[PDB]
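Data block for coords.pdb (PDB, N, CA, C and O atoms):
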ATOM      1  N   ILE A   1     -10.196  -0.453   6.563  1.00  0.00           N
ATOM      2  CA  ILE A   1      -9.853   0.307   5.306  1.00  0.00           C
ATOM      3  C   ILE A   1      -9.441  -0.610   4.112  1.00  0.00           C
ATOM      4  O   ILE A   1     -10.165  -0.738   3.124  1.00  0.00           O
ATOM      5  N   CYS A   2      -8.338  -1.354   4.244  1.00  0.00           N
ATOM      6  CA  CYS A   2      -7.630  -1.988   3.097  1.00  0.00           C
ATOM      7  C   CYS A   2      -8.073  -3.383   2.536  1.00  0.00           C
ATOM      8  O   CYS A   2      -7.800  -4.420   3.147  1.00  0.00           O
ATOM      9  N   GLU A   3      -8.836  -3.430   1.441  1.00  0.00           N
ATOM     10  CA  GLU A   3      -8.852  -4.607   0.525  1.00  0.00           C
ATOM     11  C   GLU A   3      -7.888  -4.629  -0.707  1.00  0.00           C
ATOM     12  O   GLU A   3      -7.432  -3.571  -1.159  1.00  0.00           O
ATOM     13  N   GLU A   4      -7.573  -5.790  -1.293  1.00  0.00           N
ATOM     14  CA  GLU A   4      -6.288  -5.966  -2.033  1.00  0.00           C
ATOM     15  C   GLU A   4      -6.202  -5.649  -3.551  1.00  0.00           C
ATOM     16  O   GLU A   4      -5.049  -5.459  -4.000  1.00  0.00           O
ATOM     17  N   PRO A   5      -7.225  -5.359  -4.357  1.00  0.00           N
ATOM     18  CA  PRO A   5      -7.031  -4.442  -5.503  1.00  0.00           C
ATOM     19  C   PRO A   5      -7.075  -2.900  -5.166  1.00  0.00           C
ATOM     20  O   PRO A   5      -7.222  -2.052  -6.044  1.00  0.00           O
ATOM     21  N   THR A   6      -7.090  -2.589  -3.866  1.00  0.00           N
ATOM     22  CA  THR A   6      -6.952  -1.234  -3.268  1.00  0.00           C
ATOM     23  C   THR A   6      -5.461  -1.082  -2.802  1.00  0.00           C
ATOM     24  O   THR A   6      -4.828  -0.071  -3.090  1.00  0.00           O
ATOM     25  N   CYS A   7      -4.977  -2.001  -1.982  1.00  0.00           N
ATOM     26  CA  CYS A   7      -3.468  -2.297  -1.739  1.00  0.00           C
ATOM     27  C   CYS A   7      -2.344  -2.524  -2.876  1.00  0.00           C
ATOM     28  O   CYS A   7      -1.290  -2.090  -2.666  1.00  0.00           O
ATOM     29  N   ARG A   8      -2.849  -3.167  -3.885  1.00  0.00           N
ATOM     30  CA  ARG A   8      -2.200  -3.151  -5.219  1.00  0.00           C
ATOM     31  C   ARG A   8      -2.063  -1.695  -5.823  1.00  0.00           C
ATOM     32  O   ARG A   8      -0.980  -1.229  -6.170  1.00  0.00           O
ATOM     33  N   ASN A   9      -3.187  -0.968  -5.770  1.00  0.00           N
ATOM     34  CA  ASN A   9      -3.295   0.509  -5.693  1.00  0.00           C
ATOM     35  C   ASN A   9      -2.398   1.271  -4.629  1.00  0.00           C
ATOM     36  O   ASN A   9      -1.982   2.379  -4.955  1.00  0.00           O
ATOM     37  N   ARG A  10      -2.214   0.827  -3.392  1.00  0.00           N
ATOM     38  CA  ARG A  10      -1.295   1.249  -2.256  1.00  0.00           C
ATOM     39  C   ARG A  10       0.278   0.696  -2.143  1.00  0.00           C
ATOM     40  O   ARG A  10       0.988   1.366  -1.482  1.00  0.00           O
ATOM     41  N   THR A  11       0.279  -0.340  -2.759  1.00  0.00           N
ATOM     42  CA  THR A  11       1.547  -0.930  -3.308  1.00  0.00           C
ATOM     43  C   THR A  11       2.218   0.031  -4.337  1.00  0.00           C
ATOM     44  O   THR A  11       3.400   0.297  -4.338  1.00  0.00           O
ATOM     45  N   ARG A  12       1.281   0.521  -5.134  1.00  0.00           N
ATOM     46  CA  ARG A  12       1.240   1.733  -6.043  1.00  0.00           C
ATOM     47  C   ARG A  12       1.527   3.144  -5.435  1.00  0.00           C
ATOM     48  O   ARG A  12       2.441   3.850  -5.846  1.00  0.00           O
ATOM     49  N   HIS A  13       0.724   3.473  -4.443  1.00  0.00           N
ATOM     50  CA  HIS A  13       0.933   4.236  -3.149  1.00  0.00           C
ATOM     51  C   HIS A  13       2.138   3.754  -2.247  1.00  0.00           C
ATOM     52  O   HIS A  13       2.828   4.476  -1.587  1.00  0.00           O
ATOM     53  N   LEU A  14       2.381   2.441  -2.417  1.00  0.00           N
ATOM     54  CA  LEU A  14       3.811   2.038  -2.187  1.00  0.00           C
ATOM     55  C   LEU A  14       4.944   2.806  -2.979  1.00  0.00           C
ATOM     56  O   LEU A  14       5.711   3.446  -2.252  1.00  0.00           O
ATOM     57  N   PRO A  15       5.009   2.888  -4.271  1.00  0.00           N
ATOM     58  CA  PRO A  15       5.746   4.154  -4.739  1.00  0.00           C
ATOM     59  C   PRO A  15       5.294   5.585  -4.365  1.00  0.00           C
ATOM     60  O   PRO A  15       5.723   6.600  -4.846  1.00  0.00           O
ATOM     61  N   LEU A  16       4.226   5.549  -3.526  1.00  0.00           N
ATOM     62  CA  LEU A  16       4.036   6.687  -2.592  1.00  0.00           C
ATOM     63  C   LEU A  16       5.008   6.702  -1.350  1.00  0.00           C
ATOM     64  O   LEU A  16       4.617   6.931  -0.210  1.00  0.00           O
ATOM     65  N   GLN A  17       6.259   6.298  -1.619  1.00  0.00           N
ATOM     66  CA  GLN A  17       7.273   5.756  -0.689  1.00  0.00           C
ATOM     67  C   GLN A  17       8.160   6.728   0.153  1.00  0.00           C
ATOM     68  O   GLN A  17       9.331   6.944  -0.150  1.00  0.00           O
ATOM     69  N   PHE A  18       7.648   7.171   1.290  1.00  0.00           N
ATOM     70  CA  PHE A  18       8.228   7.166   2.642  1.00  0.00           C
ATOM     71  C   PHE A  18       8.650   5.761   3.241  1.00  0.00           C
ATOM     72  O   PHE A  18       9.372   5.628   4.221  1.00  0.00           O
ATOM     73  N   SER A  19       8.019   4.717   2.642  1.00  0.00           N
ATOM     74  CA  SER A  19       7.990   3.282   2.994  1.00  0.00           C
ATOM     75  C   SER A  19       8.462   2.456   1.749  1.00  0.00           C
ATOM     76  O   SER A  19       7.824   2.457   0.698  1.00  0.00           O
ATOM     77  N   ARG A  20       9.508   1.644   1.922  1.00  0.00           N
ATOM     78  CA  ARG A  20       9.733   0.401   1.132  1.00  0.00           C
ATOM     79  C   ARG A  20       9.213  -0.894   1.856  1.00  0.00           C
ATOM     80  O   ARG A  20       9.986  -1.681   2.398  1.00  0.00           O
ATOM     81  N   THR A  21       7.890  -1.011   1.973  1.00  0.00           N
ATOM     82  CA  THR A  21       7.229  -1.823   3.029  1.00  0.00           C
ATOM     83  C   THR A  21       7.268  -1.137   4.450  1.00  0.00           C
ATOM     84  O   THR A  21       7.425  -1.776   5.486  1.00  0.00           O
ATOM     85  N   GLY A  22       6.968   0.175   4.455  1.00  0.00           N
ATOM     86  CA  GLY A  22       6.914   1.006   5.685  1.00  0.00           C
ATOM     87  C   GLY A  22       5.540   1.588   6.133  1.00  0.00           C
ATOM     88  O   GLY A  22       5.597   2.546   6.910  1.00  0.00           O
ATOM     89  N   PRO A  23       4.316   1.118   5.761  1.00  0.00           N
ATOM     90  CA  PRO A  23       4.023  -0.151   5.003  1.00  0.00           C
ATOM     91  C   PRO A  23       3.188  -0.161   3.679  1.00  0.00           C
ATOM     92  O   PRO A  23       1.945   0.018   3.766  1.00  0.00           O
ATOM     93  N   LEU A  24       3.687  -0.503   2.483  1.00  0.00           N
ATOM     94  CA  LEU A  24       2.820  -0.490   1.259  1.00  0.00           C
ATOM     95  C   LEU A  24       2.915  -1.575   0.154  1.00  0.00           C
ATOM     96  O   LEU A  24       3.971  -1.954  -0.303  1.00  0.00           O
ATOM     97  N   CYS A  25       1.761  -2.091  -0.268  1.00  0.00           N
ATOM     98  CA  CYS A  25       0.552  -2.448   0.527  1.00  0.00           C
ATOM     99  C   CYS A  25       0.230  -3.923   0.848  1.00  0.00           C
ATOM    100  O   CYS A  25      -0.700  -3.999   1.667  1.00  0.00           O
ATOM    101  N   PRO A  26       0.943  -4.943   0.562  1.00  0.00           N
ATOM    102  CA  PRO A  26       1.120  -5.972   1.635  1.00  0.00           C
ATOM    103  C   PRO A  26       2.220  -5.636   2.682  1.00  0.00           C
ATOM    104  O   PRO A  26       2.655  -6.519   3.434  1.00  0.00           O
ATOM    105  N   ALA A  27       2.654  -4.384   2.808  1.00  0.00           N
ATOM    106  CA  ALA A  27       3.037  -3.897   4.171  1.00  0.00           C
ATOM    107  C   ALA A  27       1.757  -3.487   4.989  1.00  0.00           C
ATOM    108  O   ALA A  27       1.852  -3.166   6.175  1.00  0.00           O
ATOM    109  N   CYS A  28       0.509  -3.633   4.461  1.00  0.00           N
ATOM    110  CA  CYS A  28      -0.615  -2.824   5.009  1.00  0.00           C
ATOM    111  C   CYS A  28      -1.194  -3.284   6.393  1.00  0.00           C
ATOM    112  O   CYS A  28      -1.497  -4.462   6.587  1.00  0.00           O
ATOM    113  N   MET A  29      -1.212  -2.407   7.400  1.00  0.00           N
ATOM    114  CA  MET A  29      -2.024  -2.600   8.631  1.00  0.00           C
ATOM    115  C   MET A  29      -3.380  -1.806   8.621  1.00  0.00           C
ATOM    116  O   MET A  29      -3.672  -0.987   9.490  1.00  0.00           O
ATOM    117  N   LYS A  30      -4.275  -2.171   7.689  1.00  0.00           N
ATOM    118  CA  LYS A  30      -5.500  -1.397   7.337  1.00  0.00           C
ATOM    119  C   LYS A  30      -6.728  -2.352   7.163  1.00  0.00           C
ATOM    120  O   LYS A  30      -6.680  -3.291   6.361  1.00  0.00           O
ATOM    121  N   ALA A  31      -7.773  -2.231   7.988  1.00  0.00           N
ATOM    122  CA  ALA A  31      -8.919  -3.180   7.970  1.00  0.00           C
ATOM    123  C   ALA A  31      -8.554  -4.612   8.480  1.00  0.00           C
ATOM    124  O   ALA A  31      -8.613  -4.983   9.652  1.00  0.00           O
TER     125      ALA A  31
END
Written as C-alpha coordinates, that's how I'd like the structure from this file.
Amino acid sequence: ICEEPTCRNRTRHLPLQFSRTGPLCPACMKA
(Lines of atoms letter the chains of each structure in order from A and count residues from 1; the text may use other names and numbers.)
(Lines give C-alpha, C1' and ligand atoms only; values in the text may rest on other atoms or scores of the structure.)
Protein backbone atom coordinates (compact mmCIF):
# COMPACT_ATOMS: atom_id res chain seq x y z
CA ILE A 1 0.00 0.00 0.00
CA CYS A 2 2.23 2.88 1.36
CA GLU A 3 4.64 5.10 -0.68
CA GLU A 4 5.92 8.37 0.95
CA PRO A 5 4.16 11.38 -0.69
CA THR A 6 1.10 9.11 0.20
CA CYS A 7 2.37 8.73 3.92
CA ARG A 8 3.05 12.47 4.07
CA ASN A 9 -0.67 12.42 3.07
CA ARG A 10 -1.12 9.68 6.02
CA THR A 11 1.08 11.63 8.32
CA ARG A 12 -1.76 14.02 7.37
CA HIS A 13 -4.08 11.04 8.04
CA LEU A 14 -1.73 11.08 10.96
CA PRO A 15 -3.94 13.98 12.17
CA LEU A 16 -6.39 11.30 11.29
CA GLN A 17 -5.23 10.48 14.89
CA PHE A 18 -6.40 7.51 16.85
CA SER A 19 -2.51 7.30 16.52
CA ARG A 20 0.31 9.73 17.50
CA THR A 21 2.56 7.30 15.55
CA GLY A 22 -0.11 4.53 16.16
CA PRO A 23 0.91 4.39 13.15
CA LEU A 24 0.97 7.62 10.89
CA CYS A 25 2.80 7.75 8.41
CA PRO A 26 6.40 7.04 9.10
CA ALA A 27 4.56 5.08 11.77
CA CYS A 28 3.42 3.15 8.58
CA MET A 29 3.37 -0.73 8.30
CA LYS A 30 1.97 -0.58 4.66
CA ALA A 31 3.68 -2.10 1.49
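The result of the PyMOL selection byres ((chain A and resi 26) around 7) on the shown file is residues 7, 8, 10, 11, 21, 23, 24, 25, 27, 28 and 29 of chain A.
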Atom N of residue 30 (chain A) sits from atom C of residue 6 (chain A) at a separation of 10.6 Å
Distance in Å - CA of residue 31 (chain A) versus CA of residue 3 (chain A) =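 Computing it gives 7.6 Å between the two atoms.
You will find CA of residue 9 (chain A) at 14.4 Å from atom N of residue 22 (chain A).
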Centre and edge lengths, as JSON, for the axis-aligned box enclosing every listed atom of region 11-29 of chain A with 5 Å of padding on each of the six sides, in Å to one decimal?
{"center_x": 3.2, "center_y": 0.3, "center_z": 1.7, "size_x": 23.7, "size_y": 23.7, "size_z": 25.5}
